[PDB]
Each structure stands twice: as structure tokens, then as C-alpha cells.
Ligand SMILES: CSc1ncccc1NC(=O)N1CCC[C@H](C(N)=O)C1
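Below you'll find only one chain, the form solved without this ligand, shown as C-alpha cells.
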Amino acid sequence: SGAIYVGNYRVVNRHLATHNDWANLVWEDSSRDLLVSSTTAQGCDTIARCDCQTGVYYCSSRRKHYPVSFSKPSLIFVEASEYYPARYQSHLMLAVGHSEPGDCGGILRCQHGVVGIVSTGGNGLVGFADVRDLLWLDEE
């Protein structure tokens, strides 16, 4: 589990969105595994605006933050998980690291701020849904 809180937006894995998220929907994209809902209180997070390929992510299944190198966001085939069938997921970054389903929502951060959230795992990789292209998160 986990979210990004930027301005009056809450960014979650689409597959973990709640009824309240869907009832306060701003934007969602199944292909990206992302959903954004509106918040009453302003959030503590700054979104990275950059093309970094190195950062640190939080792994809840290890209670640990790991430094990683990661691929640039791309359209990637993802094997079946507990929460999606095998499918193509867009805007996905991969790193070598540990990820189980419940690790989804852990933040990946670089020197510029929040890069994305854990969205995929298995076979020794961790996949992160990028948010750095979502410039509208920074305003309004």
C-alpha cells in the first residue's frame, strides 16, 4: 500500500483505489495502474521533473529502502500477478529488486522528488508507475 500526496491530489495504484477515491476521481488510467483523487488537505510530496534513472524505493515486504537504477518509462509486458492478468503496462520503469503485491504504492524518489510508485514485481524485478510526465499534478 501507499500513495503520493501532492497539492490536493492523492495518487494511488488504480488496483488499490478505494470507493472514496472513485467518488472523488480526478484521472485514472488502467494501462498505467494509476488513479488520482482529490484531497481536502495539501500533501507533503514534490514530484520529480527529470529523466533520472537512479533513485531509492521503499520495499514494505523488507521494511527497507533500496537504492536502484531503473529503466526509462516504457510499454512493458508484465506477467500475471495477484491483482492483474498478464498484460502490457505503459509508463513502467523496471529495476532489479524485491517486490511483492503488497509493496505496491511504495515511493521511488530521486534527487528531484517523487518519481513514481511500486506497481509490479516478480522474477527479481520491481516495476514503478512513473508520474513525472503528469505535469498537471503540480497546479490547480
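Numbering starts at 1 and follows the sequence shown. Only residues modelled in both forms are compared. Basically, rigid core = biggest C-alpha set you can superpose within 1.5 Å across the two forms.
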Task: Comparing 126-134 with 16-24, the one whose average Cα B-factor in the PDB entry is higher - done: 16-24
Task: Higher-scoring stretch by recorded Cα B factor average, 92-100 or 36-44 - done: 36-44
Task: Deposited CA B-factor, highest of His112, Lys72, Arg87, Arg62 - done: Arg87
Task: Cα B factor band for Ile76 (lowest, middle or highest third within the chain) - done: highest
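Omitted here: the form deposited with this ligand bound. The next part is about that form.
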Open item on the list: Here blocked means 3 or more ligand atoms within 2.4 Å of a backbone or C-beta atom once this ligand is superposed in from its placement in the deposited bound form. Does this form come out open or blocked?
Closed with: blocked
TODO: May I ask you to state whether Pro101 is within 4.5 Å of this ligand in the deposited bound form, using heavy atom distances?
DONE: yes
Open item on the list: After superposing the rigid core, is the C-alpha displacement of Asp51 2 Å or more between this form and the one not shown?
Closed with: no
- [ ] Would you tell me if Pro67 moves between this form and the one not shown by 2 Å or more at its C-alpha, with the rigid core held superposed?
- [x] no
Open item on the list: Once the core is superposed between this form and the one not shown, does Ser81 show a C-alpha displacement of at least 2 Å?
Closed with: yes
Open item on the list: Residues present in both forms only, core superposed, 2 Å C-alpha shift required: which runs of three or more differ between this form and the one not shown?
Closed with: 79-86
